[PDB]
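# Notes for the structure review
As a plain string of letters, each chain reads:
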Number of protein chains: 2
Amino acid sequence: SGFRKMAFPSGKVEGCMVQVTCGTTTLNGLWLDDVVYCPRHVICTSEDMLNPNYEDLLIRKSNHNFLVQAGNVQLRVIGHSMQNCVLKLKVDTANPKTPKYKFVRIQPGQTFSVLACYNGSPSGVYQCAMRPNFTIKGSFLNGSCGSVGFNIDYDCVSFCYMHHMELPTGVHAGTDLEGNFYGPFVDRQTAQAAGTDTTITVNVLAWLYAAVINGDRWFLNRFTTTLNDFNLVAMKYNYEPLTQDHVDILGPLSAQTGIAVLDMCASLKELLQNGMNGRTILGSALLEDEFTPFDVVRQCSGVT
Amino acid sequence: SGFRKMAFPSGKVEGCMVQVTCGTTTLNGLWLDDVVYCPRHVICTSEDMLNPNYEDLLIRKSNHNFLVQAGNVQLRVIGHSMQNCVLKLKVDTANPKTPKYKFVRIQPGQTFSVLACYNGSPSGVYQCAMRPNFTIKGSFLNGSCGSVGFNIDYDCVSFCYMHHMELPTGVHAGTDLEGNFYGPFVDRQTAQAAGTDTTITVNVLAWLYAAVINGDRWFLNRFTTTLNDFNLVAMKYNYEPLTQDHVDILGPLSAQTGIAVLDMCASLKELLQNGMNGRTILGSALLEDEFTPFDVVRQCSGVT
């Protein structure tokens, strides 16, 4: 029993973190096989970030300008290239701690763990979600760029995020491991505003199923709804429209608890319309949306 | 910017997790040097847990009855002993992945990370706190016993908790690594009820300082209070009495933000008396108490 915001064990990713310095800028790199991946803005000064021409700035850099250090040991850079917004630094040594891995580009609504690092050293791990506006709400200070987001399936790490910037509103933006930003964000210090931070409806429903499994059931009611009626309420409250695909994804949780998906939607509709009246669900006073249906099944069954 | 519930990187602890089986019971063990630590209730059946005589049950066990497996490799047990509620299984091989470590017994109010495991395999990591009633609010299913709680200071892991049981109310109880339970709990399936789950006042204040540092300041007001006046309100709301020691511990956060501790107490007093009026602080709709002042400084400064 119990339900917590859980991150994946970070060991496999800790073994991949290195420090990358170019000139006066130091950030984190990810060392997989004989390649180190890092944000291309490691080649920028704070001044360059205002309007950087990355191809032009990169012409002034040679392999020996990229200082890569794994713990106390220096890595030899034998090649460098820019792929979208990431630099790939080829080193002469394969990381002996390279886990089985994949690079995946996640969809909004999906969760992942972040290993926040500074100077190539891990500081902490936390679980977050790709928001529908393509930002993440992380905890990143100066020096955290290059920290990565990932999911694990038994022994394979799927890297999905690399941290690049903080918007003036305190939210975070980054790329996948191919260097493509999530959403419309760019690696330039400009007016970049985030869109509506809508609530991930399917994740809130999954978390309500987790609450029922773990004993919190006060919000269950005598009502039902339809997908279209629920979506009229979802629109009003800036929740993502629920689709038949979301209903199908919630099938296993519905089967386990015996609560039909649309009945849980009616519970959620009442919670949106009436609030929680000073009560809590799984220790929260708001509707939590950063647990996917897969996260709920995984945590409730103890997948290793 | 940003403030998240962050756990320590779990790699150093992942390298210590093993599976321990005795008869039909399988749980987790912690392998440090040539000793494996695990809950003594690994020697019990579900029936034995009702009224176990551990010394008597242990007489029927020999070294070869304790099956210890680290990944796919079996460990040879050359001795066993019971220390309070933990068993220490001496093995013939020192764990090559033994980090620098200490065993510490934490005080209520202190936080730690838990690496939840099943069959000696890590499933997830999350941050929690020793509650004032000596329970923890974790996420533990059957098979999670022997999962540990820890803190890290640079390269030294301080182990503080080992999971042993779940009370009928869904909260968790366990021991330090010397086998002494936190609080009055016992390793017997009996009516064990938890006391009042009071709120850790000093941690709520530290989290309000984190909120100010990270931009959330709507709750700051024109008022001040005294330790005695604040404590009249703390008593009414089941909050721990604030002491001069707590005020002194908050000194660095007070110096950083320029907000006197007693002024923050007056903000907290207003929040307790009037609620949050549908507003949030650091993405929470309730007053968070599982970040210590040290956690706030650590996260806000990026300690690795």
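Residues numbered from 1 in each chain as written, not as in the entry; some residues may be left out. Chains lettered and ligands numbered in written order. Heavy atoms only, no water.

For this entry, the PDB record names X-ray crystallography as the structure determination method and reports a resolution of 1.3900 Å.

The PDB entry annotates chain A as 3C-like proteinase nsp5 originating from Severe acute respiratory syndrome coronavirus 2. Its official PDB title, as written in the record, is "SARS-CoV-2 main protease with unliganded active site (2019-nCoV, coronavirus disease 2019, COVID-19)".

## Regarding the overall build of chain A
Put simply, the rule reads: Helix numbering and strand numbering both begin at the N terminus, where a helix is a DSSP run of H or I of at least 4 residues and a strand a DSSP run of E of at least 2. To get the radius of gyration, use the C-alpha atoms; to get the globule rule, take the number of residues to the power 0.38 and multiply by 2.2 Å. Whether two residues are in contact is decided by their heavy atoms: any pair within 4.5 Å suffices. The protein chains shown are the only cover counted for residues, whose accessible areas, like all others here, come from Shrake-Rupley with a 1.4 Å probe. When charges are tallied, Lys and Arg are placed among the positive residues and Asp and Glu among the negative ones, while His and the ends of the chain are skipped. Here the site of a charge means NZ on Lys, CZ on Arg, CG on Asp, or CD on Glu.
Along chain A, the regular secondary structure elements total eight helices and 13 strands. Relative to the globule expectation of 19 Å for 304 residues, the C-alpha radius of gyration of chain A, 21 Å, shows essentially globular dimensions. Projected onto its principal axes, the C-alpha coordinates of chain A cover approximately 70 × 40 × 30 Å. For chain A, the share of sequence-separated contacts (at least 6 apart) that also reach a separation of at least 24 residues comes to 65%. Summed over all atoms, the accessible surface of chain A reaches about 12900 Å², with 48% contributed by carbon and sulfur. Taking the average location of the 22 positive side-chain charges in chain A and that of its 26 negative ones, the two points are 3 Å from each other.

## Some details on the interface of chain A and chain B
This is how it is decided: Two parts placed together each lose some accessible area under a 1.4 Å probe, and the buried area is that loss summed for both. By definition here, a salt bridge exists when the distance from a side-chain nitrogen of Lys or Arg to a carboxyl oxygen of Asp or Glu is within 4 Å. Under the scheme applied, nonpolar residues are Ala, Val, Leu, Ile, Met, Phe, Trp, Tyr, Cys and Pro; charged residues are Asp, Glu, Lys and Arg; polar residues are all the others, including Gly.
Each side of the interface is counted separately: chain A has 41 residues, and chain B has 41 residues. Counting the surface lost from both chain A and chain B, the interface buries some 3000 Å², and carbon and sulfur atoms represent 55% of this. Residue A:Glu290 is joined to B:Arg4 by a salt bridge in which the shortest nitrogen-to-oxygen separation is 2.8 Å. Elements with a minimum of two residues in the side of chain A that touches chain B: α1 (11–14), β9 (111–118), β10 (121–129) and α8 (293–301) of chain A. Here the side of chain A that touches chain B takes eight residues from β10(A), the largest share from any one element. When grouped by side-chain class, the residues that make up the side of chain A that touches chain B number 17 nonpolar, 18 polar and six charged.

## Things to note about the pattern of salt bridges
Residue and element names in this part refer to chain B. Where we set the bar: Buried residues are those whose accessible area, probed at 1.4 Å on protein chains only, stays under 20% of the maximum for their type, while exposed residues exceed 50% and partly exposed ones sit between those limits.
Applying the stated rule across the entire model yields 22 salt bridges over all chains. A salt bridge links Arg131 to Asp289; its shortest N-O distance comes to 2.7 Å. Of this pair, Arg131 sits in the loop between β10 (121–129) and β11 (148–153) while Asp289 sits in the loop between α7 (261–274) and α8 (293–301); the two residues are 158 residues apart in sequence, bridging distant segments of the chain. The shortest N-O distance in the salt bridge between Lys269 and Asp229 comes to 2.8 Å. Here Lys269 is found in helix α7, whereas its partner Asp229 is found in helix α4 (residues 227–236), with 40 residues between them in sequence. According to the relative accessible area criterion, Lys269 is buried, its value standing at 16%.

## Looking at the packing of helix α3 (residues 201–213) of chain B against α8(B)
All names here are of chain B. Stated formally: To define axes, lines are fitted to C-alpha atoms, for helices over the stretch in contact only, and angles between the resulting N-to-C directions are given on a 0 to 180 degree scale. Small angles under 35 degrees read as roughly parallel and large ones over 145 as roughly antiparallel, with 65 to 115 read as roughly perpendicular and the rest as oblique.
Direction vectors running N to C along α3 and α8 enclose 20°, while the axes themselves pass 8 Å from each other. Judged by the angle between their axes, α3 and α8 are roughly parallel. Counted together, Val202, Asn203, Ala206, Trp207, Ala210 and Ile213 of α3 and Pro293, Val296 and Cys300 of α8 form the full contact between these two elements. Taken together, the residues that form the contact of α3 with α8 break down as eight nonpolar, one polar and no charged.

## Side note on the relation of the copies chain A and chain B
Relating the two copies of this chain is a rotation about some axis coupled with a shift parallel to it. Let me state the cut-off plainly: Here the copies are laid over each other by least squares on the C-alpha atoms.
With an RMSD of 0.0 Å, chain A superimposes on chain B once it is rotated by 180° and translated 0.0 Å along the axis. The relationship between the two copies is best expressed as a two-fold rotation axis. The position closest to the rotation axis in chain A is occupied by the C-alpha of A:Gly11, lying 1.8 Å away. Here 100% of the contact residues of chain A are again contact residues in chain B; the copies associate through an equivalent surface.

## Focus on α7(B)
Residues and elements named next belong to chain B. What counts, and what does not: The span expected for a helix works out to 1.5 Å for each residue beyond the first.
Compared with an ideal rise of 1.5 Å per residue, which puts 14 residues at 20 Å, α7 spans 20 Å between its outermost C-alpha atoms and is within 8% of the ideal. Within the sequence span of α7, burial applies to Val261, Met264, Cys265, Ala266, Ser267, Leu268, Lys269, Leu271 and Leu272. Of the surrounding elements, those touching the buried residues of α7 are α3, α4, α5 (244–249) and α6 (251–257). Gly275 sits one or two residues past α7 and shows a positive phi near 75°.

## Section: the packing of aromatic side chains
Going by this rule: Only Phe, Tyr and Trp rings take part, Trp by its six-membered ring, and two of them pair if their centres are within 6.5 Å. Stacked means planes under 30 degrees apart, edge-to-face means over 60, and tilted covers everything else. For a ring to carry a charge above it, either NZ of a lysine or CZ of an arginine must fall within 6 Å of the ring centroid while also lying within 35 degrees of the normal to the ring plane.
This model, assessed by the stated rule, comprises 18 aromatic pairs over all chains. On the basis of an interplanar angle of 45° and a centroid distance of 5.6 Å, the ring pair of B:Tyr101 and B:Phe103 is categorised as tilted. For B:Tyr101, a relative accessible area of 25% gives the class partly exposed. Relative to B:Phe219, the ring of B:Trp218 has its centre 5.9 Å away and its plane inclined at 85°; by these criteria the two rings are edge-to-face. Over the ring of A:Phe291 we find A:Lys5; its NZ or CZ atom is 5.2 Å from the centre of that ring.

## Overview of the domain arrangement of chain A
Residues and elements named next belong to chain A. The condition that has to hold: Each domain's extent is set by a domain assignment, obtained either automatically or from a database.
When cut into domains, chain A gives domain 1 (1–14 + 100–197), domain 2 (15–99) and domain 3 (198–301). A straight line from the C-alpha centre of domain 1 to that of domain 3 covers 25 Å. Contact residues are listed per partner, giving 18 residues for domain 1 and 19 residues for domain 3. In this assembly, domain 1 packs against domain 3 so that about 1600 Å² is buried in total across both faces, 54% of it on carbon and sulfur atoms. In terms of surface lost to domain 3, no three residues of domain 1 exceed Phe3, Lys5 and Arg131, which account for 41% of the buried area on that side.

## A closer look at the pairing of β10(B)
Residues and elements named next belong to chain B. Put simply, the rule reads: A pair of strands is labelled paired if DSSP reports no fewer than 2 bridges between them.
In terms of residue burial, β10 counts as a mostly covered element, since eight of its nine residues are buried. The pairing of strand β9 (residues 111–118) with β10 spans eight bridges and is antiparallel. Looking at the pairing, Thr111 lines up with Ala129 of β10. Linkage of β9 to β10, two consecutive antiparallel strands, is achieved through a turn of two residues, within which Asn119 is found at a positive phi near 55°.

## Concerning the nonpolar core
Basically, it comes down to this: Buried residues of nine kinds, namely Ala, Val, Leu, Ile, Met, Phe, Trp, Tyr and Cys, make up a nonpolar core once their side-chain atoms join them within 4.5 Å.
Of all hydrophobic cores here, the largest spans 40 residues; its most connected members are A:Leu30, A:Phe159, B:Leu30 and B:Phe159. Ignoring anything within four residues of it in the chain, the contact list for A:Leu30 reads A:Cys16, A:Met17, A:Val18, A:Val35, A:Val36, A:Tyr37, A:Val148, A:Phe159, A:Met162 and A:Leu177.

## So, the sheet that holds strand β6 (residues 77–83) of chain A
Residue and element names in this part refer to chain A. Spatial ordering of the open sheet is given by β5-β4-β1-β2-β3-β7-β6, a layout of seven strands whose pairing is antiparallel. Two strands in the sheet have a free side with no partner beyond their single neighbour: β5 (73–75) and β6. Between one strand axis and the next, the sheet turns through 30° on average, direction left out of account. Summarising the sheet, strand β2 (residues 25–32) and strand β3 (residues 35–39) pair through three bridges and their orientation is antiparallel. Bridge pairing in β3 places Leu32 opposite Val35.

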